[PDB]
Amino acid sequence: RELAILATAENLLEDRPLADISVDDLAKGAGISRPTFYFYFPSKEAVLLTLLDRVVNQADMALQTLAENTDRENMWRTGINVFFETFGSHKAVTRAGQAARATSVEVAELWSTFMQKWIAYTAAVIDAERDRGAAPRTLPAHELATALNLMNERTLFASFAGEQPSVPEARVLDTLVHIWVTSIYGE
């Protein structure tokens, strides 16, 4: 019944904003009453927070899998691809979750916590490439990592939402990989 509420919310977010989805719709979709809804979640906003938490954690576990186990361009492409495929498979939760950063402190804090982790891991790998002599000591690794991660956040999510302007979804992986590799390996 928890999973039924989450699946219903993800289904309805594909068709309309969270503001245009009510607890009755989630309750109905999940085959339960409204007071029964309130047993699993305090609000429709808590439903989105759980969906976002699951997508973020799936991306994070996929990146951990790569980290524990090719040329440098392919290494970066495989890592960026974790976020392209994971968020790209959950576009409605991505879109609604990003919009909720403005109005929900728990969604802002969830997004902020994982961004810090992904930036720290990006910088650790750039520093390892510098240590082994494959990357030059240009910018501070952590500052370069921050700007590249913020680029990917804005550019992936604009592509997925079909924003004007955006890189077409079929060109965004190649675009971001070029900018990562040239900025990490370039003097």
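In case it trips you up, residue 1 is the first one in the sequence shown, and so on.
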Classify the number of deposited-sequence residues missing from the model between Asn69 and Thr70: none, 1 to 3, 4 to 9, or 10 or more.
1 to 3
Do the C-alpha atoms of 124-132 or of 22-30 have the higher average B factor in the entry?
22-30
Highest mean C-alpha temperature factor of the two stretches 13-21 and 173-181, which is it?
13-21
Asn81, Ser104, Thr94, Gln116, ranked by C-alpha B-factor: the highest one:
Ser104
Out of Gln64, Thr36, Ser159, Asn152, highest CA B-factor residue
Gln64
Based on the entry's values, in what third of the chain does the Cα temperature factor of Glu45 lie: lowest, middle or highest?
highest
